[PDB]
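Just below is one structure, and these are the notes that go with it.
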Amino acid sequence: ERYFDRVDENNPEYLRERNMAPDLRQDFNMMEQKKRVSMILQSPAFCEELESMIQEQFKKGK
Amino acid sequence: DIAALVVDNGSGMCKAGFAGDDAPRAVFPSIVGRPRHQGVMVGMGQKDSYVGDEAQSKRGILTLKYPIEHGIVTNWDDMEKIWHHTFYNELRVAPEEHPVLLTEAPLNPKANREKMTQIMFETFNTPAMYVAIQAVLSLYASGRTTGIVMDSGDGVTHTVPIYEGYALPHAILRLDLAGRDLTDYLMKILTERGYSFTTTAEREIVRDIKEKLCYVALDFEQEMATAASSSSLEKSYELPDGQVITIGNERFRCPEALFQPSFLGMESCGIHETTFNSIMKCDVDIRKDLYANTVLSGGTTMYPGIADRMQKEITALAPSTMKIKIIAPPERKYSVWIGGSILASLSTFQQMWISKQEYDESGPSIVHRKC
Amino acid sequence: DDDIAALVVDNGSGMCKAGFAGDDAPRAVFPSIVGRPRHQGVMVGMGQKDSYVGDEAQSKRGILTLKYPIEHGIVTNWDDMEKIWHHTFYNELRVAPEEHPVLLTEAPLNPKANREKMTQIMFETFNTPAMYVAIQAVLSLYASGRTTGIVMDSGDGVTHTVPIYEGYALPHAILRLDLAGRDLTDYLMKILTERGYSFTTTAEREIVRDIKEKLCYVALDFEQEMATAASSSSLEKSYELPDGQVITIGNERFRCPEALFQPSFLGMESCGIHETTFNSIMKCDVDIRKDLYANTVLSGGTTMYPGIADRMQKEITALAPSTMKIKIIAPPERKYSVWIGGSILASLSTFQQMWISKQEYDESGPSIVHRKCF
Amino acid sequence: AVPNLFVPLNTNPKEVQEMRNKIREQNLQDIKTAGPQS
Amino acid sequence: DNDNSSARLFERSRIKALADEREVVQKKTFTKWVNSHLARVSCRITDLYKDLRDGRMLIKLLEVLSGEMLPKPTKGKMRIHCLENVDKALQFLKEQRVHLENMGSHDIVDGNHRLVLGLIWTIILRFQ
Ligand SMILES: Nc1ncnc2c1ncn2[C@@H]1O[C@H](COP(=O)(O)OP(=O)(O)O)[C@@H](O)[C@H]1O
Ligand SMILES: Nc1ncnc2c1ncn2[C@@H]1O[C@H](COP(=O)(O)OP(=O)(O)O)[C@@H](O)[C@H]1O
């Protein structure tokens with residue numbers, strides 16, 4: 001009995017599994033396979049450049 | 001651990017997610033549906049209006065309308081409904097506890113930013129909210145600080161060049177040629193095959209057809225000759241009612257309106273010519289980098305063969321000594337949100353947030369002071 | 001409120017059913033006929049009875065002429081309808097009409113004067129505190145228990161198809177056909193002539209109806225069954241008349257209900273019931289059709305022929321595209337289904353808001369029924 | 001307009017199914033009850 | 001034939017059972033109500049269906065309830081005199097403008113349960 005093992009209405013964040021489009025099913029898996037947001041933050045050389053660029057663009061204007 | 005929220009809005013798609021996450025938590029169309037048929041069944045579930053993913057399920061009994069067209073909102077109440085559904089039903093988080101990050105088109109009227117800020121502080125009691133440019137965030141998601149970016153959504157197409165983290169306001173080019181107009185053109189050219197689609201649900205069906213069975217031709221006349229002289233370029237779509245249609249010749253005809261707007265009769269030039277003109281408006285010294293870094297963004301640029309045709313059309317107008325290359329990330333649909341998820345995560349960005357208390361003495365114009 | 005239960009009255013052309021809300025089965029089921037004597041009355045002291053109504057009108061049908069107050073779902077004679085309602089309320093249920101509200105059913109596409117006169121009669125004479133009028137095919141979906149589906153209701157007076165998706169009914173896709181078991185009884189009475197049997201009086205029509213209810217079925221293939229009936233005598237069956245005579249129906253058994261699928265046997269230009277259901281499906285929007293294909297619901301006493309569901313499924317499958325899955329839902333209790341739905345509708349706590357009060361009728365005349373109900 | 005004129009809005013669909021199931025259950029138990037006393 | 005058998009099962013079990021329970025309860029209650037008023041004179045009925053056939057007790061009950069003098073019953077023990085005695089009570093009810101529908105003397109004499117119960121119920125609705 002898999003059907004007794006779990007219930008669709010017990011967990012809403014398991015209920016999200018049923019109502020997915022197939023291309024939406026790939027987009028999440030591929031995008032957390034890539035981990036781009038983790039890559040940008042973990043890599044320093046681009047990171048402090050972005051840091052200081054935002055800070056000193058605030059410094060003179062906007 | 002209070003974390004910021006990134007909410008990306010575009011005409012036809014709303015995404016939302018916590019800052020610092022790889023994936024947005026919620027993705028759903030920006031649709032509002034109201035019942036059209038006489039509802040007679042006492043005691044069962046009826047509602048005044050359906051919104052989001054639930055509204056798309058019941059397309060048969062609903063009239064579906066979009067609150068945003070061409071990047072400009074038409075009815076603010078529907079926008080409030082979508083924002084409330086995003087904050088409460090999708091993420092189940094209080095809007096007044098976490099800061100929220102918002103995006104918009106670069107060129108837009110004055111009143112949009114002010115009304116958006118007023119609604120976001122007054123209705124939801126957001127402690128801090130910031131407005132950012134979509135295409136700039138897409139370039140940050142690509143991870144280069146320089147280059148010219150092309151973001152083409154379902155509302156409007158725009159190319160902006162960014163050099164050293166600054167987007168030049170004079171060189172920004174905007175063209176009102178989007179995917180919804182392509183859907184209308186595809187419906188008009190499917191009329192002549194014998195299949196007729198008129199209602200809004202049939203427009204969504206035509207949009208799904210366009211997403212599944214469209215591609216960009218490398219040579220337009222040669223592909224017309226091949227499609228006229230043979231039946232190889234024919235695919236069959238299977239309708240939700242069981243009917244089967246043959247898309248046939250039209251597959252490369254609908255996206256080609258992106259390059260030649262004379263099919264739609266628009267006065268403006270093609271998208272590649274728009275990108276070339278935007279590059280021409282910049283200074284000479286940076287033009288090399290503008291020809292060296294070009295990324296594609298938006299769901300409209302997911303047609304197969306868009307990169308090769310774009311590169312060829314840019315190389316045709318470019319000088320012979322210039323080197324042309326086109327960068328197309330596979331996740332170009334959700335690049336903008338990813339950039340937002342970068343921008344809220346920085347340690348220098350906490351001072352960039354708009355203060356709730358400062359808005360009290362400033363007012364709705366405060367964003368024009370700070371952004 | 002808790003102990004008081006509104007009366008549920010299903011009022012078709014053939015038979016009338018009545019009971020209390022919250023009950024699984026109706027208390028009183030009896031035919032809707034009004035009979036009057038025609039012969040001499042010579043025995044003095046037997047008493048005078050002007051009219052016979054209901055089941056005991058059937059028992060003494062030998063010396064009576066029988067009239068149907070409802071023809072094609074329309075109340076042609078209203079005095080006989082008052083007789084039937086009085087016999088239902090007092091003799092059958094033994095309830096005072098002032099105590100409980102009344103729930104009534106009717107056909108989808110009917111003249112407005114029928115509804116107005118129903119409201120006027122149930123307020124002015126029986127003096128009811130509240131009353132509601134509903135559609136039978138909508139109540140069939142309540143009895144089925146599903147939100148979406150297409151209901152084909154075939155009674156003694158009229159057949160009609162309504163589609164409902166997610167509790168929303170489409171008025172433009174509702175179809176009405178004047179082809180029911182009444183015309184089938186007339187057709188059987190016509191085709192029994194060629195075997196030598198003649199039934200002409202109104203009393204013999206009930207015998208023909210009993211013969212139809214006992215010895216009729218729907219062939220899955222018409223031409224093959226006709227060839228089988230011509231080749232052999234295994235299809236023949238025997239029936240016994242009330243006077244002891246024996247008749248043999250033989251070939252006619254699958255020819256009487258076949259007029260439902262081919263109306264050209266009756267001279268009608270209309271389409272069959274399967275084509276009517278298919279056309280009602282394709283009159284709806286594109287998206288819901290799949291769901292309307294999966295939840296076809298049969299109802300009414302006319303759909304009690306053996307083998308009706310298999311033939312209907314085969315015809316719909318032949319008409320529909322092959323990639324869709326076609327199933328026909330026919331409960332064994334499909335004769336009473338409408339009434340059950342009425343009880344389910346009558347016992348809801350929400351529906352207590354939707355009753356038509358007597359004060360509203362006093363303010364608005366008999367025209368209040370169109371603004372409420374459906 | 002007025003598409004929802006004949007029905008009230010914001011009603012739980014579960015209650016109708018529960019009461020239909022109760023009427024269904026009455027048949028299985030087949031408890032015999034008299035009519036309401038006048 | 002299987003679904004036909006199931007339908008016959010349903011309309012043999014539930015429709016019969018509910019109606020029989022209701023009519024048994026109504027029979028007991030009507031018997032008590034008639035016995036209360038009929039005890040003023042020295043009269044008592046054990047069965048509602050059987051003792052009301054001859055038509056004498058109906059005349060006695062109507063005489064007790066109404067308060068005036070009905071015509072005395074026809075002196076006989078046949079079926080015709082029985083019909084006459086029931087018809088006298090029915091005609092006296094036709095005086096009081098009480099509305100009776102599908103009610104005849106032979107229906108009471110033969111002993112149809114539903115029509116006798118309806119007659120008693122109509123009398124109760126009038127004379128209470
Ligand atoms: N897989 C796909 N292939 C081709 N076109 C697509 C695909 N997915 C979406 N589109 C087109 O892109 C549009 C959605 O663009 P989107 O990225 O949502 O714009 P925005 O987010 O700026 O509103 C749709 O109208 C559709 O026509
Ligand atoms: N067991 C049966 N088999 C076949 N046909 C039947 C059966 N019972 C009834 N019918 C047909 O149905 C008719 C009665 O239908 P009914 O359910 O009374 O309709 P309504 O209640 O809507 O008036 C009869 O005239 C007869 O033609």
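Within each chain, counting starts at residue 1; across the structure tokens, chains are named A, B, ... in the order shown, with ligands numbered 1 upward in that order.
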* Which polymer residues have any atom within 9 Å of an atom of residue 26 in chain D, counting only C-alpha atoms, with same-chain residues fewer than 5 positions away left out, as JSON, numbers by chain? -> {"C": [23, 24], "D": [21, 31]}
For ligand 1, collect every residue having any atom at a distance of at most 7 Å from a ligand atom (counting only C-alpha atoms and all ligand atoms); output as a tab-separated table (two decimals) with N, CA and C atoms, in the first residue's frame.
```
chain	number	residue	atom	x	y	z
B	9	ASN	N	7.67	40.54	-11.64
B	9	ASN	CA	6.38	40.70	-12.30
B	9	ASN	C	6.60	40.97	-13.78
B	10	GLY	N	5.85	40.27	-14.63
B	10	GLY	CA	5.77	40.61	-16.03
B	10	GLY	C	4.40	40.22	-16.54
B	11	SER	N	4.04	40.81	-17.68
B	11	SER	CA	2.69	40.61	-18.20
B	11	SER	C	2.53	39.17	-18.65
B	12	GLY	N	1.89	38.36	-17.81
B	12	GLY	CA	1.71	36.95	-18.08
B	12	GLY	C	2.48	36.01	-17.17
B	13	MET	N	3.38	36.52	-16.33
B	13	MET	CA	4.14	35.63	-15.45
B	13	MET	C	4.58	36.37	-14.20
B	14	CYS	N	4.33	35.77	-13.04
B	14	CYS	CA	4.78	36.28	-11.76
B	14	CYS	C	5.58	35.19	-11.05
B	152	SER	N	13.51	40.37	-23.80
B	152	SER	CA	12.24	40.38	-24.52
B	152	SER	C	11.26	39.51	-23.76
B	153	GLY	N	10.27	40.15	-23.13
B	153	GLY	CA	9.24	39.46	-22.40
B	153	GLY	C	7.94	39.39	-23.18
B	154	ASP	N	6.89	39.00	-22.47
B	154	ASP	CA	5.57	38.95	-23.07
B	154	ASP	C	4.90	40.32	-23.12
B	155	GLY	N	5.47	41.33	-22.48
B	155	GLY	CA	4.92	42.67	-22.54
B	155	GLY	C	5.60	43.57	-23.55
B	179	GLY	N	5.70	38.63	-27.10
B	179	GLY	CA	5.18	37.31	-27.41
B	179	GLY	C	3.68	37.23	-27.53
B	180	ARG	N	2.95	38.12	-26.85
B	180	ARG	CA	1.50	38.12	-26.96
B	180	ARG	C	1.05	38.57	-28.35
B	183	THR	N	1.51	35.70	-30.49
B	183	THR	CA	0.39	34.78	-30.32
B	183	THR	C	-0.81	35.21	-31.15
B	207	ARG	N	-1.06	29.88	-27.50
B	207	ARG	CA	0.23	30.17	-26.88
B	207	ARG	C	1.00	28.89	-26.54
B	210	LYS	N	2.39	27.59	-29.75
B	210	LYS	CA	3.56	28.37	-30.13
B	210	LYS	C	4.78	27.96	-29.33
B	211	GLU	N	4.60	27.72	-28.03
B	211	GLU	CA	5.73	27.30	-27.20
B	211	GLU	C	6.24	25.93	-27.62
B	212	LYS	N	5.35	25.03	-28.04
B	212	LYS	CA	5.78	23.66	-28.31
B	212	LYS	C	6.36	23.49	-29.71
B	298	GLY	N	14.67	36.53	-21.32
B	298	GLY	CA	13.25	36.51	-21.58
B	298	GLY	C	12.80	35.20	-22.22
B	299	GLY	N	11.52	34.89	-22.02
B	299	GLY	CA	10.98	33.65	-22.55
B	299	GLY	C	10.77	33.68	-24.05
B	300	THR	N	10.69	34.88	-24.64
B	300	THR	CA	10.50	34.99	-26.08
B	300	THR	C	11.73	34.51	-26.85
B	301	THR	N	12.92	34.65	-26.25
B	301	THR	CA	14.16	34.21	-26.87
B	301	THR	C	14.45	32.73	-26.66
B	302	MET	N	13.44	31.92	-26.36
B	302	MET	CA	13.61	30.48	-26.24
B	302	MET	C	13.27	29.73	-27.52
B	303	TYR	N	12.98	30.44	-28.60
B	303	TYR	CA	12.76	29.78	-29.88
B	303	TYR	C	14.06	29.13	-30.35
B	333	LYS	N	15.08	32.22	-19.04
B	333	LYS	CA	13.73	32.61	-18.65
B	333	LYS	C	13.72	33.29	-17.29
```
How close does chain B get to chain A? List, as JSON lines, each residue of chain B within 6 Å, its nearest atom pair and the distance in Å to one decimal, counting only C-alpha atoms.
```
{"residue": "B:22", "atom": "CA", "partner": "A:37", "partner_atom": "CA", "distance": 5.4}
{"residue": "B:370", "atom": "CA", "partner": "A:62", "partner_atom": "CA", "distance": 5.2}
{"residue": "B:371", "atom": "CA", "partner": "A:62", "partner_atom": "CA", "distance": 5.6}
```
* **Selection near residue 58 in chain E, 12 Å with only C-alpha atoms, sequence-local residues under 6 positions removed, as a ChimeraX atom specification** => /E:34,37-38,43-45,48-52,64-66,70,72-73,82,85-90,92-93,105,108-109,116,119-120,123
Keeping only N, CA, C and O atoms, write the selected residues to a file as a compact mmCIF listing (two decimals), in the first residue's frame.
```txt
# COMPACT_ATOMS: atom_id res chain seq x y z
N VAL E 34 -59.12 8.29 18.34
CA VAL E 34 -60.53 7.93 18.18
C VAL E 34 -61.07 7.32 19.47
O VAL E 34 -62.21 7.60 19.87
N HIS E 37 -62.20 10.00 22.17
CA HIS E 37 -63.50 10.64 21.97
C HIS E 37 -64.64 9.63 22.00
O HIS E 37 -65.76 9.99 22.40
N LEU E 38 -64.40 8.40 21.57
CA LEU E 38 -65.44 7.38 21.55
C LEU E 38 -65.72 6.78 22.92
O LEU E 38 -66.67 6.00 23.04
N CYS E 43 -68.39 2.81 23.61
CA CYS E 43 -67.91 2.28 22.34
C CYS E 43 -66.39 2.28 22.33
O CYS E 43 -65.76 3.20 22.85
N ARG E 44 -65.81 1.24 21.74
CA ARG E 44 -64.36 1.10 21.66
C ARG E 44 -64.02 0.24 20.46
O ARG E 44 -64.69 -0.77 20.20
N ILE E 45 -62.99 0.63 19.72
CA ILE E 45 -62.54 -0.09 18.53
C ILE E 45 -61.16 -0.67 18.80
O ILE E 45 -60.29 0.00 19.38
N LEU E 48 -58.52 -0.41 13.56
CA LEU E 48 -59.06 0.71 12.81
C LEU E 48 -59.62 0.27 11.46
O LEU E 48 -60.63 0.80 11.00
N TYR E 49 -58.97 -0.71 10.82
CA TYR E 49 -59.38 -1.11 9.48
C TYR E 49 -60.65 -1.95 9.50
O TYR E 49 -61.48 -1.85 8.59
N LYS E 50 -60.82 -2.79 10.52
CA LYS E 50 -61.90 -3.77 10.52
C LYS E 50 -63.19 -3.23 11.12
O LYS E 50 -64.28 -3.49 10.59
N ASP E 51 -63.10 -2.49 12.23
CA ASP E 51 -64.30 -2.02 12.91
C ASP E 51 -64.96 -0.85 12.19
O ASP E 51 -66.14 -0.58 12.45
N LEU E 52 -64.24 -0.16 11.32
CA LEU E 52 -64.82 0.95 10.57
C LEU E 52 -65.53 0.51 9.30
O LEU E 52 -66.06 1.37 8.58
N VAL E 64 -70.53 12.17 17.95
CA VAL E 64 -69.83 12.67 19.13
C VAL E 64 -69.09 13.96 18.80
O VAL E 64 -69.15 14.94 19.56
N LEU E 65 -68.39 14.00 17.66
CA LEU E 65 -67.58 15.17 17.33
C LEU E 65 -68.44 16.37 16.97
O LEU E 65 -68.21 17.48 17.47
N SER E 66 -69.44 16.18 16.09
CA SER E 66 -70.19 17.32 15.57
C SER E 66 -71.14 17.89 16.61
O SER E 66 -71.18 19.11 16.83
N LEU E 70 -77.23 12.91 13.42
CA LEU E 70 -77.20 12.33 12.08
C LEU E 70 -78.35 11.34 11.91
O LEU E 70 -78.90 10.84 12.90
N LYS E 72 -80.22 7.90 11.46
CA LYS E 72 -79.89 6.60 12.01
C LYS E 72 -79.51 5.63 10.89
O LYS E 72 -79.99 5.76 9.76
N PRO E 73 -78.62 4.67 11.17
CA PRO E 73 -78.11 3.80 10.10
C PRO E 73 -79.19 2.88 9.54
O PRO E 73 -80.18 2.56 10.20
N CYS E 82 -74.20 -1.83 4.26
CA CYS E 82 -72.90 -1.34 4.70
C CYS E 82 -72.46 -0.13 3.88
O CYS E 82 -72.00 0.89 4.43
N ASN E 85 -74.54 2.85 4.89
CA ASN E 85 -74.15 3.42 6.17
C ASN E 85 -72.88 4.25 6.05
O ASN E 85 -72.76 5.30 6.69
N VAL E 86 -71.92 3.80 5.24
CA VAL E 86 -70.71 4.61 5.03
C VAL E 86 -71.05 5.88 4.23
O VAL E 86 -70.52 6.97 4.51
N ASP E 87 -71.94 5.76 3.24
CA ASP E 87 -72.31 6.90 2.42
C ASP E 87 -73.04 7.97 3.23
O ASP E 87 -72.92 9.16 2.92
N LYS E 88 -73.79 7.57 4.26
CA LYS E 88 -74.43 8.55 5.13
C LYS E 88 -73.41 9.44 5.83
O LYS E 88 -73.55 10.67 5.86
N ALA E 89 -72.35 8.83 6.38
CA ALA E 89 -71.30 9.60 7.03
C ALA E 89 -70.55 10.47 6.04
O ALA E 89 -70.20 11.62 6.35
N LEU E 90 -70.30 9.95 4.83
CA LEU E 90 -69.62 10.76 3.82
C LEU E 90 -70.46 11.97 3.40
O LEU E 90 -69.93 13.07 3.24
N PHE E 92 -72.74 13.44 5.29
CA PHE E 92 -72.73 14.37 6.42
C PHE E 92 -71.44 15.17 6.45
O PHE E 92 -71.44 16.35 6.82
N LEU E 93 -70.32 14.54 6.09
CA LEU E 93 -69.08 15.30 5.93
C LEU E 93 -69.18 16.29 4.78
O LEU E 93 -68.55 17.35 4.81
N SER E 105 -67.64 5.14 -0.66
CA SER E 105 -68.12 4.19 0.34
C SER E 105 -67.47 2.82 0.16
O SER E 105 -67.11 2.17 1.15
N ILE E 108 -63.96 2.47 1.73
CA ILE E 108 -63.97 2.21 3.17
C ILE E 108 -64.44 0.79 3.45
O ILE E 108 -63.91 0.12 4.35
N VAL E 109 -65.44 0.31 2.71
CA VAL E 109 -65.99 -1.02 2.97
C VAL E 109 -64.97 -2.11 2.64
O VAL E 109 -64.79 -3.06 3.41
N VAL E 116 -58.56 4.98 4.29
CA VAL E 116 -59.14 5.03 5.63
C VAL E 116 -58.30 5.93 6.53
O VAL E 116 -58.84 6.77 7.28
N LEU E 119 -58.96 9.49 5.57
CA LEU E 119 -60.25 9.95 6.09
C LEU E 119 -60.16 10.32 7.56
O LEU E 119 -60.67 11.37 7.98
N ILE E 120 -59.49 9.49 8.36
CA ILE E 120 -59.32 9.79 9.78
C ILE E 120 -58.48 11.06 9.95
O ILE E 120 -58.79 11.91 10.81
N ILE E 123 -60.63 14.10 9.17
CA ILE E 123 -61.54 14.35 10.28
C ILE E 123 -60.80 15.02 11.44
O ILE E 123 -61.32 15.95 12.08
```
* Using only C-alpha atoms, determine which residues of chain D fall within 7 Å of chain C; present them as a list in words. =>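 Close to chain C, chain D has residues 6, 17, 20, 23, 26, 27, 36 and 38 of chain D.
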Could you dump the residues just selected with N, CA and C atoms as a short mmCIF file (atom, residue, chain, number, x, y, z; two decimals), in the first residue's frame?
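selection_25.cif, written as the output of this step:
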```
data_model
loop_
_atom_site.label_atom_id
_atom_site.label_comp_id
_atom_site.auth_asym_id
_atom_site.auth_seq_id
_atom_site.Cartn_x
_atom_site.Cartn_y
_atom_site.Cartn_z
N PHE D 6 -28.11 33.06 -8.74
CA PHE D 6 -29.02 32.05 -8.21
C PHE D 6 -28.42 31.30 -7.02
N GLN D 17 -20.93 16.95 -0.04
CA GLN D 17 -20.48 15.57 -0.19
C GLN D 17 -20.68 14.78 1.09
N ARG D 20 -24.41 14.00 1.39
CA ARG D 20 -24.75 12.97 0.41
C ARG D 20 -24.27 11.60 0.89
N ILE D 23 -26.71 10.34 3.55
CA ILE D 23 -27.92 9.76 2.95
C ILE D 23 -27.60 8.40 2.32
N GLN D 26 -27.44 5.81 5.19
CA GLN D 26 -28.76 5.41 5.69
C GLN D 26 -29.29 4.17 4.97
N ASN D 27 -28.96 4.00 3.69
CA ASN D 27 -29.39 2.81 2.97
C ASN D 27 -28.66 1.57 3.46
N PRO D 36 -42.06 12.66 10.35
CA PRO D 36 -42.14 13.64 11.44
C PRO D 36 -43.57 13.82 11.93
N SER D 38 -46.83 15.50 13.22
CA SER D 38 -47.46 16.79 12.97
C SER D 38 -47.71 17.54 14.27
#
```
* Neighbourhood of ligand 2 at 7 Å, counting only C-alpha atoms and all ligand atoms, reported as an MDAnalysis selection string -> chainID C and resid 11:16 154:157 181:182 184:185 209 212:214 300:305 335
Please produce a file of those selected residues containing N, CA and C atoms, as a compact mmCIF listing (two decimals), in the first residue's frame.
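And here is the file that came out, part_22.txt:
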```
# COMPACT_ATOMS: atom_id res chain seq x y z
N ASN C 11 -42.41 15.41 -9.80
CA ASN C 11 -43.66 15.50 -10.56
C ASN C 11 -43.33 15.39 -12.05
N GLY C 12 -43.25 14.16 -12.55
CA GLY C 12 -43.07 13.93 -13.96
C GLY C 12 -44.40 13.75 -14.67
N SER C 13 -44.31 13.43 -15.96
CA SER C 13 -45.52 13.22 -16.75
C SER C 13 -46.16 11.87 -16.44
N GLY C 14 -45.34 10.86 -16.18
CA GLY C 14 -45.85 9.52 -15.96
C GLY C 14 -46.32 9.24 -14.55
N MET C 15 -45.42 9.36 -13.58
CA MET C 15 -45.71 8.99 -12.20
C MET C 15 -45.25 10.10 -11.26
N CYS C 16 -45.93 10.19 -10.12
CA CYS C 16 -45.64 11.19 -9.10
C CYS C 16 -45.03 10.50 -7.88
N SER C 154 -34.40 11.12 -19.28
CA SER C 154 -35.47 10.67 -20.15
C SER C 154 -36.59 10.09 -19.30
N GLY C 155 -37.72 10.78 -19.25
CA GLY C 155 -38.85 10.32 -18.47
C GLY C 155 -39.99 9.84 -19.34
N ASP C 156 -41.22 10.05 -18.88
CA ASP C 156 -42.39 9.70 -19.68
C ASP C 156 -42.83 10.84 -20.59
N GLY C 157 -42.42 12.07 -20.29
CA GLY C 157 -42.90 13.20 -21.06
C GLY C 157 -41.91 13.78 -22.04
N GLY C 181 -40.97 7.73 -23.37
CA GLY C 181 -41.64 6.44 -23.33
C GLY C 181 -43.11 6.48 -23.67
N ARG C 182 -43.72 7.67 -23.64
CA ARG C 182 -45.10 7.84 -24.08
C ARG C 182 -45.24 7.53 -25.57
N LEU C 184 -43.02 5.90 -27.28
CA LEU C 184 -42.61 4.51 -27.45
C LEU C 184 -43.77 3.56 -27.19
N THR C 185 -44.60 3.86 -26.19
CA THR C 185 -45.80 3.07 -25.94
C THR C 185 -46.76 3.15 -27.12
N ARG C 209 -48.15 -0.72 -21.90
CA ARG C 209 -47.03 -0.20 -21.12
C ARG C 209 -46.41 -1.29 -20.25
N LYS C 212 -44.34 -3.47 -22.47
CA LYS C 212 -43.09 -2.79 -22.76
C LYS C 212 -42.12 -2.89 -21.59
N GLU C 213 -42.61 -2.70 -20.37
CA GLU C 213 -41.73 -2.76 -19.21
C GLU C 213 -41.26 -4.17 -18.90
N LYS C 214 -41.95 -5.20 -19.39
CA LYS C 214 -41.54 -6.56 -19.06
C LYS C 214 -40.70 -7.23 -20.14
N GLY C 300 -33.83 8.79 -15.24
CA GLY C 300 -35.19 8.64 -15.69
C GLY C 300 -35.57 7.19 -15.92
N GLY C 301 -36.88 6.94 -15.94
CA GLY C 301 -37.36 5.57 -16.06
C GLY C 301 -37.25 5.02 -17.47
N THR C 302 -37.14 5.89 -18.47
CA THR C 302 -37.05 5.43 -19.85
C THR C 302 -35.72 4.75 -20.12
N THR C 303 -34.68 5.09 -19.36
CA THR C 303 -33.37 4.50 -19.53
C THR C 303 -33.19 3.20 -18.74
N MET C 304 -34.28 2.52 -18.40
CA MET C 304 -34.23 1.26 -17.67
C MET C 304 -34.25 0.04 -18.59
N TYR C 305 -34.21 0.24 -19.90
CA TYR C 305 -34.16 -0.89 -20.82
C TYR C 305 -32.84 -1.63 -20.65
N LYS C 335 -34.09 5.44 -11.68
CA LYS C 335 -35.47 5.87 -11.82
C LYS C 335 -35.84 6.91 -10.77
```
* To do: Using DSSP on the backbone, list every residue of range 33-278 of chain B that comes out as alpha helix (DSSP H), and give them as a ChimeraX atom specification.
  => /B:53-57,76-84,110-122,134-142,179-191,200-212,220-229,271-278
* Spatial neighbours of residue 34 in chain D, 7 Å, only C-alpha atoms, chain gap at least 3 places, as JSON, numbers by chain -> {"E": [18, 21, 22]}
* Report as number ranges by chain the set of chain C residues whose atoms approach chain E to within 10 Å, with distances computed over only C-alpha atoms. => C: 19, 23-29, 43-54, 56-57, 83-84, 86-87, 89-96, 304-307, 330-336
* Skipping near chain neighbours, those fewer than 6 positions away, what residues fall within 10 Å of residue 1 in chain D using only C-alpha atoms, listed as an MDAnalysis selection string? -> chainID B and resid 35:38
Hey, can you spit out that residue selection with C-alpha atoms as a compact mmCIF listing (two decimals), in the first residue's frame?
```txt
# COMPACT_ATOMS: atom_id res chain seq x y z
CA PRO B 35 -17.17 33.49 -14.36
CA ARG B 36 -19.22 33.94 -17.52
CA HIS B 37 -21.89 31.21 -17.37
CA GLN B 38 -24.96 30.98 -15.16
```
* Write out as a list in words the residues lying within 6 Å of residue 338 in chain C, counting only C-alpha atoms and excluding same-chain residues fewer than 4 positions away. =>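 Selected residues are residues 136, 139 and 140 of chain C.
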* Which distance in Å separates CA of residue 128 in chain B and CA of residue 361 in chain B, to one decimal? -> 15.0 Å
* To do: Can you work out the spacing between CA of residue 224 in chain C and CA of residue 238 in chain C in Å, to one decimal?
  =>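 For CA of residue 224 in chain C relative to CA of residue 238 in chain C, the distance reads 22.4 Å.
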